[PDB]
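Below are two forms of the same protein chain, given as structure tokens: structure 1, then structure 2.
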Structure 1
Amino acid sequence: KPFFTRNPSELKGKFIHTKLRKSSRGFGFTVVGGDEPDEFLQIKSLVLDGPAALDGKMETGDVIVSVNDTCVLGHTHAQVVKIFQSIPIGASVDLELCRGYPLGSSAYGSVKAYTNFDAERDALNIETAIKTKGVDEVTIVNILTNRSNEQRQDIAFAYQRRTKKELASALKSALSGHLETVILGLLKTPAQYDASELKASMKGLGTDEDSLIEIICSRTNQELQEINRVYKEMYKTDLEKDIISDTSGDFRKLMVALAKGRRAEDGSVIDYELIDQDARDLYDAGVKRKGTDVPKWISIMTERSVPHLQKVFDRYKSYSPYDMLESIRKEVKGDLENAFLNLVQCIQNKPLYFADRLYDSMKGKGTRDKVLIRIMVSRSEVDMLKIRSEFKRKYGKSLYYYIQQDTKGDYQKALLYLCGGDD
């Protein structure tokens, strides 16, 4: 449905004019959109060292409004690239760009990108709140929980360019308690946050196996590829190496296999014969025999695609008297059991999986603030709306309500903003 208009008097954000001279390799940027008749054309990326980058005015997500004094709102994708390719080398082009319409965002997240974003103005108001006697946490929460994670990356850049000190440093010295734990987590890129939460769970021989299972069993292939890279840049050791250090047994093999992020991508053709054979092989390895063939479970549940395994688990009920989750609760035990239980829940319904973990972190005495904060931070821009939807259906009350009754202060207001809505 993304908003579209052919009249420039109906655009939201601010406007930018540019003059780019065509080089031997073009203007140095790519464009997306343009199939759908009513679809904007937006800058997807800028070739570094190219004309668009070395001019510094063009940014990703910019709606191309007009090219060479000709409005291109509603132009097809092929009609626009013909304008840029008709320009000879050495000649320039006039681009009117609109900043304020977003791009590859998640339809199910709760924290969306601020339209009238001003990284300089935000870093200004944060410093004023940080330096306020009796630190003004209200404004800090009002800004950071209302910006996208990449917008927070720009605020951290602007804050350091003005005060010559890091934003994470100044906020760590000004905040305390659980509010600090939330705000510092919101300032990390999703890979950096996961990479830090993983190392934090392998602090010693007393590994937090719960947090290790949560991050590994829920992250996709593309998310885990980024985690493995960022984890080595930050800690100078492979994520797999620390997992091998602080795990053992079949639980080690299941965590290492999932962390590689080499799961077979979702296929376009449904393999009905493999769905049945995988279902029988899970049954033959577990309930049907004495003991369990754990390697056969790890191979099937980590290598097949998620849409495939969902069909495998439904077909599995045709052979076994107990479904896949109940089969796990009696074939294996311990940390291995907790891993297979979480993995299967992330395959069947991942939003429902995080809804249960939020309920578990708040149902009892006190709060598992560690689990609660990580789920709200990590899932705020991915599927937070689906998490709230499954939560209210199953538990009657909203996720907002359970956070309200279990947390207080500005720490509560930070979590409620990441949850979204007024309830």
Structure 2
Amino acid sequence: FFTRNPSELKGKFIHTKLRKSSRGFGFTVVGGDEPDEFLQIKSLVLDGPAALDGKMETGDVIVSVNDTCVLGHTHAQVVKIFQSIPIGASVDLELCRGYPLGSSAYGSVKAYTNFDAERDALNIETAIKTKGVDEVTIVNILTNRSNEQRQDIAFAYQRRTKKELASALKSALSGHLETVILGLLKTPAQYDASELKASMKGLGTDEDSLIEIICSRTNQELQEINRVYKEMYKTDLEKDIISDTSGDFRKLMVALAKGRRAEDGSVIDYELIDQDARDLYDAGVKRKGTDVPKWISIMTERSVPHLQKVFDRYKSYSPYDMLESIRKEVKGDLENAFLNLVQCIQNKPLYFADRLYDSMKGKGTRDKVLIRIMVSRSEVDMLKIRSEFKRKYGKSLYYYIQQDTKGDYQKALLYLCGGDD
């Protein structure tokens, strides 16, 4: 939720006066790198003038600076206002508290307020070394902390025990719960990198997990995955994909994994929307056979908002929509990969909603899929996923998880879900 009107903000307003000392005002701001996004306080230098006043907290939307509304201004515009303020001069700040964090706007796992890593690290050490292992404590803490906070915990635990938190939990847990907790301990790039490497272990590759991660990850995410993957496994992600795929499926996976999709522009390119739609039709349903490289080219290179509009314009040319046309034109891992891709382009939270429903709908559970989605989307769009799930399937994601899983495993997943609908 965004609004550049102070008359449409719901939270509480806070007036504050700060003098810029030698180390700046003493706080870090975040947000504003988008068209419509707030500007919230990230961190406060506890020895700076910002933390001295005590009336500014993390998560406060900056409504105005020096009698000028900065709601809707970019990140570089309000940063130049505070830097032009010389040393010793005053700045006036109207803030607004009651909004989340922008980044984790639609996540289910939010940052824990009174965070104390040293207390968490001890409580987890006490849980580990309790006779019979206190799994409930380990689950209650780690699933109610942000991934950033779990990194501080693993650091504190290592300083205290001289042992890695991941190693200690590996030797204390087992089964599905172990997989959940160890996944939650990795950074998003680390977790995705490890999931990708696991999907390519052995001769037979898990094409379903490779497709899920490569198709759903963004340019920024894929950039970091590629960096961390070579860090961990001493090889480029691209080469491992080349080695474990072939044909057009390899072409599609290598192109997506580059994370070089065009970024969403400021102008809608209607002539190109229509030409790309026409090109997708001529290359498949219109003709005998399929021009797969043309599909791969358009669907990996255009920005997501662009491709959403070409798929609707594609309906003007083809009697089948893009999903139907994929099934009609192509088969196998290529078909699966295309289907997953344009699902992620049209509606990604719905795409995960269906993946979660598919993992639970039948006999047993596809735990590897369920766990990976609950872990990797808990701080991204879990709230949107839960909305699409409830709207389509009539009951909540929480309800299905509760039926399909049991034990501390279930409790961990339910925490990552974040509540009923």
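What we label the rigid core is the largest C-alpha set whose atoms superpose within 1.5 Å from one form to the other. Only residues modelled in both forms are compared. Quick note, the numbers are simply positions in structure 1, starting from 1.
Engineer: Specify which of 306, 87, 103, 39 corresponds to the hinge in the chain, comparing the rigid parts between structures 1 and 2.
Structural biologist: Where the C-alphas swap which rigid part they fit better, we find 103.
Engineer: Rounded to the nearest whole degree, how much does the smaller rigid part turn between structures 1 and 2?
Structural biologist: Between the forms, the smaller part turns 67 degrees against the larger.
Engineer: Supposing the core is put in the same place in both forms, how far has the CA of residue 44 shifted between structures 1 and 2, in Å?
Structural biologist: Once the two forms are fitted on their core, the shift reads 5.6 Å.
Engineer: Having superposed the rigid core, state how many Å the Cα of residue 73 shifts between structures 1 and 2.
Structural biologist: So the C-alpha of residue 73 has moved 16.1 Å between structures 1 and 2.
Engineer: Would you look up how far the C-alpha of residue 205 moves between structures 1 and 2 when the rigid core is overlaid, in angstrom?
Structural biologist: Between its two positions, the C-alpha of residue 205 lies 1.8 Å apart after core fitting.
Engineer: Using the rigid core for the fit, write out the stretches of 3 or more consecutive residues with CA shifts of 2 Å or more between structures 1 and 2, ordered by sequence.
Structural biologist: The segment that shifts (3 or more residues, C-alpha shift of 2 Å or more) is 3-105 alone.
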